[PDB]
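First, one chain by itself in structure tokens, the form deposited in one PDB entry.
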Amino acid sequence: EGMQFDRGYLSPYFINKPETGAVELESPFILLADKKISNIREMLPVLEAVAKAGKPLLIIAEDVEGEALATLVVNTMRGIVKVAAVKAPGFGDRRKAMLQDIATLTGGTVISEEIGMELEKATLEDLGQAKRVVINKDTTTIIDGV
């Protein structure tokens, strides 16, 4: 089964499983960010972290756009980074609540704009973990969250 929400990849170029036509990440770390990520400079700490741990990264945020989404995608296409990004589900307080539920499910911490919750201060410990994540055009599924 696995927890599944109605939000798909923010880019088909995150697809790493041709035979499926979808994104499939094994033993991924999951960044839960209740905010819009537009600058990759802010993402570097987490990106360095997952790379050192040798695991791919799923990003679930209010939105991943602009330069951050572009840079992320090109580097994914080039095989330099192992990531997939999707929008958090819901709107208003529902978004926050669902992000927290996913956080609890995966043992992660929801990064935000609040003091001490900055994305640039995020560590491997703030990331949720799951056995596998599957993302297609319409949905994201988190399987066996720690």
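Only residues modelled in both forms are compared. Residues carry their position along the shown sequence, with the first being 1. For clarity, a rigid core is taken as the largest C-alpha set superposing within 1.5 Å between two forms.
Absent from the display: the form solved in complex with a partner chain. The rest refers to it.
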property	result
Contact flag, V81 vs its partner chain in the deposited complex, heavy atom cut 4.5 Å	yes
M117 within 4.5 Å of its partner chain in the deposited complex, heavy atoms	no
Contact label in the deposited complex: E48 to its partner chain, heavy atom within 4.5 Å	yes
Exercise: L44 in contact with its partner chain in the deposited complex, heavy atom 4.5 Å	yes
Listed residue that, although its partner chain is not shown, lies within 4.5 Å of it in the deposited complex (heavy atoms), from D101, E113, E67, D63	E67
Heavy atom contact within 4.5 Å of its partner chain in the deposited complex, the stretch among 54-62, 93-101, 33-41, 117-125	33-41
Comparing forms between this form and the one not shown after core superposition, the one residue of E48, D93, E26, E114 displaced by 2 Å or more at CA	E114
Stretches between this form and the one not shown where the CA atoms of at least 3 consecutive shared residues shift 2 Å or more, core fixed	77-80, 114-116
